[PDB]
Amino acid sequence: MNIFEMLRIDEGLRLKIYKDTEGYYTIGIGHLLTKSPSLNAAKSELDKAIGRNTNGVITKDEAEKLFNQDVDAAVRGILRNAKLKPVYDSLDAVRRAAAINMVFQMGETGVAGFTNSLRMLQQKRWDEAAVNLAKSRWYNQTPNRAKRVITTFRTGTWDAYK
């Protein structure tokens, strides 16, 4: 198990434009296109991302390319943030994957609300951090996925993805 396999499980793979859990146009392995309700706007973002006129359908290779870019971007986003970097750096490789997962799902400023959780994670107060992470819109809206990610933070194992 690794970050790619983990996010592949949590996000799935769809080669046609679909709406994500929040109702937003998405493609591939959870590649958010736009928050606009316009399918045409979404198709435009897709074409821009792929570099060709797609009309809402991509290949597996194209999906995986976007996925690689997105995972890369998530990690880079963490390290660029002078406040988030220390927490990330304090973690083992398994928990780092859990951090990337959350960033991927909500954006580093979607994680702005997780300040208190982050503090407990840096303190390695795993059970306390786990309890705190669940007190969130995130957990309530996507409980199955949140439970998996939280278990990964609690244990530092891949048990939730077995």
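Note that residue numbering begins at 1 and tracks the sequence as displayed.
- Note on 88 to 96 vs 70 to 78: mean CA B-factor is higher in 70 to 78.
- According to the PDB record, 107 to 115 carries the higher mean C-alpha B-factor of the two stretches 107 to 115 and 124 to 132.
- Of the residues listed, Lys65, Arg52, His31, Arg137, the entry assigns the biggest Cα temperature factor to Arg52.
- Ranked by Cα temperature factor within the chain, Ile27 sits in the lowest third according to the deposited record.
- The entry lists a Cα temperature factor for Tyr161 that places it in the highest third of the chain's modelled residues.
- Remark: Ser38 belongs to the highest third of its chain, ranked by C-alpha B-factor as recorded.
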